[PDB]
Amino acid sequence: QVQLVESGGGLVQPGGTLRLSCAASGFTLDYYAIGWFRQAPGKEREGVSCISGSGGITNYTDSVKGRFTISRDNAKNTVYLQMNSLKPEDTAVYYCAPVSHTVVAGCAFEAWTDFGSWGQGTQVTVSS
């Protein structure tokens, strides 16, 4: 069952830091662009950050630019999301999924239309 098992996460105060990671299960990562998504309470899953297959191009949504850094280690089949300066609004369940490359080998935020294999995701809570 093709899947990207999320790890890391937990509870922090505002201004805190987390590093999420997600490891491919049932496939190997190298040629695939991967996105991180988050589902805040009662909301849709939204793309937050994506990285192309080579790691050479990254993209971030407005609300997390400058605070989050996505990266990958293809040899370990893992993608990472470093999260700094965390805010209450970052509270959500976070998931990885494959996204499409752009035609200049960058990455877009939408998961493959096909893709139904969201994981358990991992919980992030930012609170006082």
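Residue indices: 1-based, along the sequence shown.
Undergrad: If you average the CA temperature factors over each stretch, which comes out higher, 76 to 84 or 23 to 31?
TA: Mean B over CA atoms: larger for 23 to 31.
Undergrad: Based on the entry's values, in what third of the chain does the Cα temperature factor of residue 14 lie: lowest, middle or highest?
TA: Its C-alpha B-factor belongs to the middle third of this chain's values.
Undergrad: Among the modelled residues of this chain, does the Cα B factor of residue 126 put it in the lowest, middle or highest third?
TA: Middle third, going by the recorded CA B-factors of the chain.
Undergrad: Considering only modelled residues of the same chain, in which third does the CA B-factor of residue 107 rank: lowest, middle or highest?
TA: For residue 107, whose C-alpha B-factor we compare with every modelled residue in the chain, the answer is the middle third.
Undergrad: Relative to the other modelled residues in the chain, which third contains the C-alpha temperature factor of residue 63: lowest, middle or highest?
TA: CA B-factor rank for residue 63: highest third.
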